[PDB]
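Novice: return a 3D structure for these sequence lines:
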Amino acid sequence: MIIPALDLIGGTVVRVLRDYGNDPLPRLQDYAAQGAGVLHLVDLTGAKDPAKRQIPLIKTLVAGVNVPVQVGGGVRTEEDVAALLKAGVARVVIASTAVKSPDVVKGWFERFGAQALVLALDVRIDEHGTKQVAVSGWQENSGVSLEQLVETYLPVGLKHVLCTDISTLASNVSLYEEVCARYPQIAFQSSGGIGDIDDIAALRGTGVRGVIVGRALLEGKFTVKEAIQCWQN
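Specialist: Residues are numbered from 1 along each chain as shown. Here you go, the structure:
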């Protein structure tokens, strides 16, 4: 599937920052109207301070579409996960905490279930060709490979992993082919590198299950409908 995405700061839709207006709901509704089966939101306000989590907006956005939304941004505690789910979020995207405190996050799998959680990992390919996990693009590697981290969570039934290569795709997509083949029981999502429609074509056949598309839609390079048509053929 194609997974259209928006980044939100204080109610404003932004491109990672250019202001694309304060109308996230009509945008999301039109993504869904074109056939999207899943949507993705990053709460940048919440990421900078969980106390300011945009729960009221998220409630409104989720209520206003007919498809599941996965939401990330400053998900640090069990209470954060629960609050998002209570607001009507289908899946909570766990990023830095999944690298930082695996034993704690494994407990979240046991409480909420693997269908409710997406693990989002930034990956750098290093000098040796190892897939190094990092918690952000501006921090050093954390000393764990993507494979090692995935295998940490397999025993609690990990099902959804979102991988961003921080080291466009129309490149060598071996990263995705490799990991998808190694863990066929996990549905991998790809993020980044989508600059035009050919980039979506490049991921077909890699085994990647979901393709997150954000800025290319905002920039009017192609539509959700065209993306889905490409992805499905």
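
Novice: tell me the contacts of residue 192?
Specialist: Residue 192 sits next to 164-166, 212 when contact means CB atoms under 8 Å, 6 or more residues apart in numbering. From N, CA and C alone the C-beta is placed, and that goes for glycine too.

Novice: go with 10 Å
Specialist: 122, 137, 163-166, 168-169, 199, 212, 214-215 (CB atoms under 10 Å, 6 or more residues apart in numbering).

Novice: try residue 129
Specialist: 174-175.

Novice: what residue is smack in the middle of this structure?
Specialist: residue 162 (5.1 Å; CA atoms, centre = their mean).

Novice: what about the helix or strand where that one lies, distance to the chain center?
Specialist: Assigned by DSSP states H and E, residue 162 falls within strand 160-165. In terms of CA atoms, centre = their mean, to the nearest Å, the centre of strand 160-165 is set 7 Å apart from its chain centre.

Novice: can you name the next helix or strand after that strand?
Specialist: Downstream of strand 160-165 (by DSSP H and E), the next one is helix 174-182.

Novice: that following helix: which residues count as buried?
Specialist: In terms of neighbour count (16 or more other CB atoms under 10 Å), helix 174-182 has its buried residues at 175-176, 179-180.

Novice: pull out the CA atoms of it and give them to me as CSV.
Specialist: Provided in CSV are the C-alpha atoms of helix 174-182 (Å, rounded to 0.1, in the frame of the first residue of the first chain):
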residue,chain,number,x,y,z
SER,A,174,19.0,-3.7,-1.7
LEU,A,175,18.5,-2.5,1.9
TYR,A,176,14.8,-3.2,1.6
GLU,A,177,15.1,-6.4,-0.5
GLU,A,178,17.5,-7.8,2.1
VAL,A,179,15.5,-7.1,5.3
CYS,A,180,12.1,-8.0,3.8
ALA,A,181,13.5,-11.3,2.7
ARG,A,182,15.1,-12.0,6.0
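
Novice: tell me the bridge partners for the residue nearest to the centre of the chain.
Specialist: Counting by DSSP bridges, residue 162 is bridged to residue 120, residue 189.

Novice: for residue 146, see how far away it is.
Specialist: Using CB to CB, to the nearest Å, residue 162 is found at 12 Å from residue 146.

Novice: one more: residue 201?
Specialist: In terms of CB to CB, residue 201 sits 24 Å off from residue 146.

Novice: next: residue 107.
Specialist: Taking CB to CB, one finds residue 107 at 22 Å from residue 146.

Novice: could you do residue 135 as well?
Specialist: 13 Å.

Novice: now the common contact residues for the two.
Specialist: 121-122.

Novice: compare the two and say which is more crowded by neighbours.
Specialist: More crowded of residue 135 and residue 146, by other CB atoms under 10 Å: residue 146, with 23 against 17.

Novice: helices along the protein, start to end?
Specialist: All helices of the chain, identified by DSSP state H, fall at 24-33, 44-48, 55-63, 78-86, 96-100, 102-112, 146-153, 174-182, 197-201, 215-218, 224-232.

Novice: which residues touch the first one?
Specialist: What it means is helix 24-33. With CB under 10 Å, 6+ apart, helix 24-33 has contacts from 2-8, 11-13, 20-21, 23, 36, 38-39, 41, 54, 57-58, 60-67, 69, 213, 217-218, 223-225, 227.

Novice: swap in 6 Å and give it another go.
Specialist: 4, 6, 13, 39, 61, 64-65, 67, 224 (CB atoms under 6 Å, 6 or more residues apart in numbering).

Novice: picking that back up, report the contact partners of the residue nearest to the centre of the chain.
Specialist: 118, 120, 189, 191.
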